[PDB]
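Below is one structure, written out as structure tokens; comments come after it.
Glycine gets a Cβ as well: all are built from the backbone with ideal geometry, and neighbour counts include every protein chain shown. Since every read-out is calculated from the coordinates, none of them should be taken as a lab result.
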Amino acid sequence: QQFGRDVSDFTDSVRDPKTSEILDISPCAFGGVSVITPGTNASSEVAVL
Amino acid sequence: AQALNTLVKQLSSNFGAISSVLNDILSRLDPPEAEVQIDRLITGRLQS
Ligand SMILES: *[C@@H]1O[C@H](CO)[C@@H](O[C@@H]2O[C@H](CO)[C@@H](O)[C@H](O)[C@H]2NC(C)=O)[C@H](O)[C@H]1NC(C)=O
């Protein structure tokens, strides 16, 4: 073997062709951004999520 | 669970276009015609 797959056909793991080390591949990162606010009249500052 | 499967099965469908992998139409054809076949994958995946 040389490489592996997830529950899809996407490649998740690889044998390193230079040293035979078994590697795993994460997603890099992503996600949603949510902004929390007390409202514009009372303040003008936010926290993020 | 079957909805999340059915969404994720059709990543592998070509929708009649060249290949379900973008890089294989990127690296292998002309960037004009690469724009053609990825735009068929983009709309086809966007309908799912
Ligand atoms: C690439 O191959 C060389 C040899 O073909 C590897 O060097 C060996 O590494 C192991 C592990 O440290 C040692 O037991 C051997 O004595 C080394 N041999 C020689 C001739 O140096 C090298 O490790 C390989 N590359 C990688 C990234 O592992």
- Per-q log10 I(q)/I(0), the protein assembly as shown, q = 0.12, 0.16, 0.17 Å⁻¹ (Debye; single scatterer per alpha-carbon; no solvent): -0.69, -0.91, -0.96
- Task: From other protein chains only, count the Cβ atoms within 10 Å of every residue's Cβ in B:15-26, then give the mean.
- Result: 0
- DSSP-loop trypsin sites (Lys or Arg not before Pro) across the stretch A:2-49, with at most 16 other Cβ within 10 angstrom: A:18
- Message: Using only the alpha-carbon atoms of chain A as identical scatterers, what base-10 log of I(q)/I(0) does the Debye formula give at q = 0.24, 0.33 Å⁻¹?
- Response: -0.90, -1.15
- Message: If I fit a long axis through the Cα atoms of helix B:31-47 and take the longest principal axis of the Cα atoms of chain B, what angle between them do I get, 0 to 90°, rounded to 10?
- Response: 10
- Task: Give the share of C-alpha pairs in each 5 angstrom bin for chain B, from 0 to the last occupied bin, in whole percents, shortest bins first.
- Result: 5, 23, 31, 19, 11, 7, 3, 1
- Estimated FRET transfer efficiency when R0 is 30 angstrom, pair residue A:48-residue B:3 (beta carbons, to 0.05): 0.50
- Query: Residues with beta-carbon under 15 Å from that of residue B:27, excluding residue B:27: net charge, scoring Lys, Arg +1 and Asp, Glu -1?
  - Reply: -3
- Query: Taking every residue in B:34-42, how many Cβ atoms of other protein chains lie within 10 Å of its Cβ, on average?
  - Reply: 0
